[PDB]
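# Notes for the structure review
The lines below spell out each chain.
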Amino acid sequence: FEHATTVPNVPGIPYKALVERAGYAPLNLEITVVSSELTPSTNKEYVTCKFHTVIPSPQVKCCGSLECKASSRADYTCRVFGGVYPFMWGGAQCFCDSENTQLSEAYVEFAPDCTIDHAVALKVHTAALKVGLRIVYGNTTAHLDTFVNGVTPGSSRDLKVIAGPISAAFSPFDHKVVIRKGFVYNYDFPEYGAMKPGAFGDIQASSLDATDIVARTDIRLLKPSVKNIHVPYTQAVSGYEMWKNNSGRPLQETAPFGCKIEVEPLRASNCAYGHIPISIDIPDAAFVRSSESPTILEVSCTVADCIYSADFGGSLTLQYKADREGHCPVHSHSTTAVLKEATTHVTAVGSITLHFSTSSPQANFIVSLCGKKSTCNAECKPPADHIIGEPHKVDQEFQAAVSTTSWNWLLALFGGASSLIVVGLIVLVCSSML
Amino acid sequence: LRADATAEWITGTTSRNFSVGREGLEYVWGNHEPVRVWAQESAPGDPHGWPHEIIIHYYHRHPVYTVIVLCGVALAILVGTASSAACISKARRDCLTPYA
Ligand SMILES: *[C@@H]1O[C@H](CO)[C@@H](O)[C@H](O)[C@H]1NC(C)=O
Ligand SMILES: *[C@@H]1O[C@H](CO)[C@@H](O)[C@H](O)[C@H]1NC(C)=O
Ligand SMILES: *[C@@H]1O[C@H](CO)[C@@H](O)[C@H](O)[C@H]1NC(C)=O
């Protein structure tokens, strides 16, 4: 038997329904989202870290011209200075008076500690939601994982559940994502080969051990002022360090719908944002015939101290005079009130107590025991506790959040105004007919 | 949908107020685990009682909705009274115009 329903995306908060075939006893269907994740498809643009500036040993040629060629090194900057007179410990360094030339080199590479402190730039595509479902049908429990895409069946051969497309697409990650040490940021890094000095991604490579490193740090070589053999140079600050200084807060703290960002792979787990259509092909072995289940001769429902809140606030008692002892499901036929218990054991005569959670100020709903309705009818009070540590199990909706003796006043005033309209109209017609 | 995230370094002994809605709010304090809280409809009134208690209870929960409902019912009774008065006045002058 195939049953289609719609569950909330909130992790935890089990969803209850009952399945009623024409010739079979109803059974409880119990759909719980125990876990979820929203993993986008990522491709790595580059890696980056704080660069290490390598200044090689200077070249000195004693009154003979020097020039330097192009190099494949990362941000290779070169300059030649003529008319030098270098000195080291020991004395002068060339045999020639004032035509001596010095060639100064400079480039960058990865720091030795980039194996730990480094950032990875990613472009992420549309994310797919995969949920872990606990399905209790009758009294059989199955745990599975399914993709929320509309056509892929769940990971269960004996149940064949299909999760329909998600109500809305959330995708907490922006198009460009930076990951550093498990911290995830929505940063718009520059493209590969488009380095900017003093900003993030000033040095880039395909991997940490890659040899094709490219960088555009603002390095420049100065003419040596004193006559030692140092290489004077000025460079822009490390754009990786500059980004670390003002990275802001990661997406683990700034992400809607209260779901936590995890790496390896990049994903957002336990997001509560939409509604998932779920279709279950319940096997016929789970069903039982209507004659097998105990029957209800009469049943009455009395609600005692209904308190509308997020937890299971409110209790009701079903008094029944059933036939033969047996277990049968119970349900609340309302979208504004959900029971706590699913199946109960009934005897020849007695009363059973159930706990329910509602978002409406009145307990005005139909409770079915063994498939037999009971139409519970009472009032509920606003809660005393302002703040609770669990989410609401029932969505709040109009026409139920407004109670009677508040609907009564509105209907009375509207009916009075309409009564004045009708009496004015009929007196006008009576005057016109004369 | 709107994660109004705040981050602040606290020194000394202070107090911080945070508005919590039905969707909930989490706070992390130092190295502690995140703590999640949710707000209930605990408005200081009475949905089943005299009308002023109902109005203040539903005004603390959803202000603008109840204000426009009150404006709508006031407009409805005003238009109904005015139209009924106009109709009965027209009928009265139509019945008394031959006698005059
Ligand atoms: C389900 O309940 C029925 C009646 O209570 C019982 O006979 C049966 O063994 C139960 N099934 C399982 C799998 O526990
Ligand atoms: C940058 O770093 C300096 C010292 O490292 C610090 O004082 C400053 O607050 C940081 N942030 C900005 C935005 O300048
Ligand atoms: C925080 O809220 C309480 C109760 O609403 C109030 O008494 C207090 O003044 C508020 N504190 C601040 C700093 O606004």
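For each chain, numbering begins from 1 and proceeds through the sequence as written. The entry may number the same residues differently, and residues missing coordinates are not shown. Chain labels run from A onward and ligand labels from 1 onward, assigned in the order the entries are written. Reported values pertain to the displayed chains only, which are themselves part of a larger assembly. Processing note: side-chain calculations cover all non-hydrogen atoms of the structure and skip hydrogens and water entirely.

In terms of determination method and resolution, the entry is listed under cryo-EM at 2.80 Å.

Looking at the PDB entry, one finds chain B named Structural polyprotein, with Western equine encephalitis virus as its source organism. The PDB lists this entry under the title "Structure of western equine encephalitis virus Imperial 181 VLP in complex with house sparrow PCDH10 EC1".

## Considerations on the interface of chain B and chain A
Applied cut-off: Residue contacts follow a heavy-atom distance rule, with two residues in contact if any of their heavy atoms lie within 4.5 Å. The term buried area means the drop in 1.4 Å probe accessible area that two parts suffer when joined, counted for both and summed. By salt bridge we mean one thing: a side-chain nitrogen of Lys or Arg within 4 Å of a carboxyl oxygen of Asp or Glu. Polar contacts, as counted here, are pairs of nitrogen or oxygen atoms within 3.5 Å of one another; within protein the pair requires one atom able to donate a hydrogen and one able to accept it, and residues that are adjacent in sequence qualify only if both atoms are side-chain atoms. Secondary structure elements follow DSSP: runs of H or I of four or more residues count as helices, runs of E of two or more count as strands, with numbering from the N terminus. Residues are sorted three ways: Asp, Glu, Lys and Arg are charged, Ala, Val, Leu, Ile, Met, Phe, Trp, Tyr, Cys and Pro are nonpolar, and all the rest, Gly among them, are polar. In this description, strands pair whenever DSSP reports at least two bridges between them.
Listed as interface residues are 33 residues of chain B and, on the opposing side, 46 residues of chain A. Contact between chain B and chain A buries roughly 3300 Å² in total, counting both sides, with carbon and sulfur atoms accounting for 64%. Inspection of the region where chain B meets chain A yields zero salt bridges. At the boundary of chain B with chain A, the tally comes to 13 residue pairs in polar contact. Among the secondary structure elements, those contributing two or more residues to the side of chain B that touches chain A are β2 (35-39), α1 (51-61) and α2 (63-96) of chain B. Ranked by residues supplied to the side of chain B that touches chain A, first place goes to α2 of chain B with 12 residues. Its residues placed into classes, the side of chain B that touches chain A shows 20 nonpolar, nine polar and four charged. Inspection of the sheet shows strand β32 (residues 387-388) of chain A paired to β2 of chain B by two bridges, in the antiparallel sense. The residue bridging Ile387 of chain A from the neighbouring strand is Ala39 of chain B, located in β2 of chain B.

## Notes on the packing of aromatic side chains
Residues and elements named next belong to chain A. Basically, it comes down to this: Two rings belonging to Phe, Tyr or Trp (six-membered ring only in the last case) form a pair when the distance between their centres is within 6.5 Å. Interplanar angles under 30 degrees mark stacking, angles over 60 mark edge-to-face geometry, and anything in between is tilted. Burial here depends on accessible area, computed with a 1.4 Å probe over protein chains only, as a share of the maximum for the residue type. Under 20% is buried, over 50% is exposed, and the range in between is partly exposed.
According to the stated counting rule, one finds 15 aromatic pairs over all chains in the structure shown. A ring pair is formed by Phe200 and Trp243, whose centres lie 4.9 Å apart and whose planes are at 50 degrees; its orientation type is tilted. Highlighted residues: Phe200 in the loop between β14 (183-185) and β15 (203-204) and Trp243 in helix α1 (residues 239-245), separated in sequence by 43 residues. A residue is classified by how much of its surface remains accessible, and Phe200, at 1% relative accessible area, is buried. What makes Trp243 buried here is its relative accessible area of 5%. Judged by centre distance (5.2 Å) and plane angle (65 degrees), the ring pair of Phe356 and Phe365 falls under edge-to-face. The burial state of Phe356 is the same as that of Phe365; both residues are buried.

## A short note on the sheet that holds strand β26 (residues 337-339) of chain A
Residue and element names in this part refer to chain A. To keep it simple, the criterion reads: Throughout, an axis means a line fitted to C-alpha atoms (over the contacting stretch in the case of helices), and angles, computed between N-to-C directions, take values from 0 to 180 degrees.
Taking strand neighbours across the sheet as the criterion, the four strands line up as β22-β24-β28-β26 in an open arrangement whose pairing is antiparallel. Looking at strand neighbours, the two that pair on one side only are β22 (299-304) and β26, the edges of this open sheet. Looking at each pair of strands side by side, their axes are set apart by 35 degrees on average, direction ignored. Where strand β24 (residues 315-320) lies against strand β28 (residues 350-358), six bridges are found, and the strand directions are antiparallel. Following the sheet pairing, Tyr320 is matched in β28 by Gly350.

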